[PDB]
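For reference, the chain that follows is the form deposited in one PDB entry, supplied as structure tokens.
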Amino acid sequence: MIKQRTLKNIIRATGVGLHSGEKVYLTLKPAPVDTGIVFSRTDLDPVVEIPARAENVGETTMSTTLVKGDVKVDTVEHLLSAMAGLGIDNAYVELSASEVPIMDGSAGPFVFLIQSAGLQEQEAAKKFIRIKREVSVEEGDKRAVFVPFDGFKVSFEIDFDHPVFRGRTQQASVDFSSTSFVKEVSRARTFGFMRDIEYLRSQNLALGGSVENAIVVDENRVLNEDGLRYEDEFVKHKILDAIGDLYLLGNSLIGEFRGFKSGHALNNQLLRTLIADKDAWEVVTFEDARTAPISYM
């Protein structure tokens, strides 16, 4: 059978929050079967735990925030993307502050942490959520969709008209049958437009941002000295973001996500909309890994 997976060892890193600019200690730890991912604010007294599930998402302002009462864990999407991409079912994530460190702006640093810790197979069947019927949500011209698919695929289109984006692909459809999350998605950095970043900074936000952890573009140019890591890094980051949000479903997906100018708010609306309709999905396991349309080997 395809087994659940956790970390083999505890592993740590430090960084600063993008929004807050606050130095933060991050710890990833093994967890038992059927735990899922649970975040812990270890700086608080008492310590507050928040399961990484769609129902615990509060704010979605250019990022995904988990909330429990007045306690928040901000910017979970890049770390969760790495967890999803490497097939980690169960883990504890400890934080000394209310925001996951931004690191280099991508999921790469979290992939490094996970691969360094090692992967541990557990004695329980891994559960998958299979999309049975297409589900969609919209806001204005933005759209997010789950489509049945015998495998796992994430498609995304952005539609910027600014000169800097002219001629760029602005679209990708990634079938993970033949695409490596690690090599081809995980290192795509977050990006921001100068006018937007300036607006945030003018309010004392985005304090952790720098050219060292984000792609900065103006109307006409990519400002970063060494350009892009992937030819289509922008849309690849949107895909990375979607995969991170997808993981709030609590299980790996058998299906396709399609995003059209979508963001974290719409992604999360899609999750809650799917979850609510039991006719649109089912949970499956594979006692014989060879019959599975996906592979985590």
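Note that the rigid core is defined as the largest set of C-alphas that superpose within 1.5 Å between two forms. Just count from 1 along the sequence shown to find any residue number.
There is another form of this protein, the form deposited in another entry, and it is not shown here; the text below is about that form.
Asks: Quick check for you: superpose on the rigid core, then look between the shown form and the other one for a C-alpha move of 2 Å or more. Which of 72, 168, 143, 132 is it?
Replies: By this measure, the answer is 168.
Asks: Take the rigid core as the frame of reference and indicate whether the C-alpha of residue 122 shifts by 2 Å or more between the shown form and the other one.
Replies: The answer is no, as the C-alpha of residue 122 shifts between the shown form and the other one by less than 2 Å after core alignment.
Asks: How about residue 179 - superposed on the rigid core, does its CA move between the shown form and the other one by 2 Å or more?
Replies: Yes, residue 179 moves 2 Å or more.
Asks: So the Cα-Cα distance between residue 181 and residue 177 shifts by 3 Å or more in that other deposited form; is it shorter or longer than what we see here?
Replies: Between the C-alphas of residue 177 and residue 181, the gap narrows in that other deposited form (3 Å or more compared with this form).
Asks: Explain in one word, closer or farther, how the Cα atoms of residue 106 and residue 168 are placed in that other deposited form relative to this form, where the distance changes by 3 Å or more.
Replies: Those two alpha carbons end up farther apart in that other deposited form.
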